[PDB]
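A.B. asks: sequence unknown, structure follows:
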Ligand SMILES: *[C@@H]1O[C@H](CO)[C@@H](O[C@@H]2O[C@H](CO)[C@@H](O[C@@H]3O[C@H](CO[C@H]4O[C@H](CO[C@H]5O[C@H](CO)[C@@H](O)[C@H](O)[C@@H]5O)[C@@H](O)[C@H](O[C@H]5O[C@H](CO)[C@@H](O)[C@H](O)[C@@H]5O[C@H]5O[C@H](CO)[C@@H](O)[C@H](O)[C@@H]5O)[C@@H]4O)[C@@H](O)[C@H](O[C@H]4O[C@H](CO)[C@@H](O)[C@H](O)[C@@H]4O[C@H]4O[C@H](CO)[C@@H](O)[C@H](O)[C@@H]4O[C@H]4O[C@H](CO)[C@@H](O)[C@H](O)[C@@H]4O)[C@@H]3O)[C@H](O)[C@H]2NC(C)=O)[C@H](O)[C@H]1NC(C)=O
Ligand SMILES: *[C@@H]1O[C@H](CO)[C@@H](O)[C@H](O)[C@H]1NC(C)=O
């Protein structure tokens, strides 16, 4: 509806994506979580292994 | 801080190198080798993963403030002048883009710019396989500016030129990392004379 579009459009007013949150005020803390949907094949010929993950950062 | 960035980008022509009419642009280069990958003797090539860092001075990016350093991700990397550095003996090279572009840009108040990025390079190495399996090699990794001759860009090695990690986590199946060295030369081409720099891994 209208209120959704108004909230979305005005959200990035005067927002600089070049600067991290809390720049010069605090330390940006990021909470990480991983859900390994599948541990992919391990290659001995490369010292390489594949892993399919849902990577969540908050 | 956004005011500082907006002021810096105002009237800034990234097509022109710093000191375009005054003097050559001096660049200080550093390498951290995460891993010299396997040496593929069939195709006469070897893989190498590096953190490649370049430091130079841009008078246009001077700013007077109490912050004294702007630490930034890749967002502004395309907004300013960057050197034309490329690896001469690289059959195939790739940057890294997961999760975001693996690039870093730091700008000091005095105009010093540090630009770092992660690279994976499949560098050519013409192995002389005489004395195999007693053979030893010194594989190079060369780089220089693609367009700017020596009169416009000059590279320089720092004291801590090239650094290496443990070297036991490297992907060397056949060989053992013996040693390292760095060199600077001037290579004449049809375009001009270019300041080439090589890192030799033994
Ligand atoms: C023949 O045709 C081919 C194409 O078929 C053509 O090749 C193409 O060349 C172009 C360059 O001319 C090249 O485009 C650029 O790509 C850059 C990013 O990476 C893209 O490639 C990587 C890796 O690609 C390589 O992958 C393999 C090797 O590893 C191999 O296939 C090839 O070697 C290949 O090159 C890829 O991982 C990227 O994936 C995504 O992530 C990018 C992140 O930056 C994003 O841009 C992409 O859209 C893409 O994201 C979408 O897709 C992923 C999934 O794949 C999703 O997860 C995402 O959600 C998205 O949906 C890319 O494909 C890219 O940086 C360049 O972008 C810049 O272009 C100019 C630069 O000045 C600007 O106009 C742009 O705005 C943009 O620059 C901004 O962004 C950078 C990066 O942060 C900043 O540093 C800049 O400062 C600048 O920032 C500013 O603007 C933005 C808004 O635009 C703003 O938000 C910022 O705040 C800031 O203000 C460029 O797009 C293309 O990939 C390549 N295609 C190929 C090879 O497949 C040939 O040249 C043609 N032939 C000839 C000879 O001409
Ligand atoms: C790399 O070059 C610098 C300056 O040319 C030099 O100080 C340093 O010792 C060199 N690195 C070596 C020899 O490993």
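C.D. replies: Alright, I've got the coordinates. Numbers count the residues shown, from 1 in each chain, chains lettered A, B, ... in the order given. Ligands and ions are numbered 1, 2, ... in the order given.
A.B. asks: so which residue of chain B comes closest to ligand 1?
C.D. replies: Closest residue of chain B to ligand 1, CB to the nearest ligand atom: residue B:78 (2.5 Å). (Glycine included, C-beta is placed from N, CA and C.)
A.B. asks: ok, now which ones touch the residue lying closest to residue B:81 once chain neighbours are set aside?
C.D. replies: In space, and not counting its chain neighbours, residue B:81 is closest to residue B:14: 4.9 Å by CB to CB, 6 or more residues apart in numbering or on different chains. Residue B:14 sits next to B:79-81 when contact means CB atoms under 8 Å, 6 or more residues apart in numbering or on different chains.
A.B. asks: Which members of those residues are classed as buried?
C.D. replies: Buried subset of those (neighbour count, 16 or more other CB atoms under 10 Å in any protein chain shown): B:80-81.
A.B. asks: List the beta-bridge partners for the residue nearest in space to the middle of chain B.
C.D. replies: Chain B has residue B:52 as the residue nearest its centroid, 4.3 Å off, counting by CA atoms, centre = their mean. Taking DSSP bridges as the rule, residue B:52 bridges to residue B:31, residue B:117.
A.B. asks: Tell me how many other residues crowd the closest residue to residue B:178 other than its chain neighbours.
C.D. replies: The shortest distance from residue B:178 to any non-neighbouring residue, by CB to CB, 6+ apart, is to residue B:202 (4.1 Å). Residue B:202 has 13 neighbouring residues, counting by other CB atoms under 10 Å in any protein chain shown.
A.B. asks: From residue B:82, how far off is the residue nearest to residue B:81?
C.D. replies: Relative to residue B:82, residue B:14 is positioned 8 Å away (CB to CB, to the nearest Å).
A.B. asks: Residue B:76 now?
C.D. replies: Counting by CB to CB, the gap from residue B:76 to residue B:82 is 10 Å.
A.B. asks: Check residue B:170 too.
C.D. replies: Applying CB to CB to residue B:170 and residue B:82 gives a distance of 29 Å.
A.B. asks: So for the two, which sits in the more crowded spot?
C.D. replies: The neighbour comparison of residue B:170 against residue B:82 (other CB under 10 Å) goes to residue B:170, with 21 against 17.
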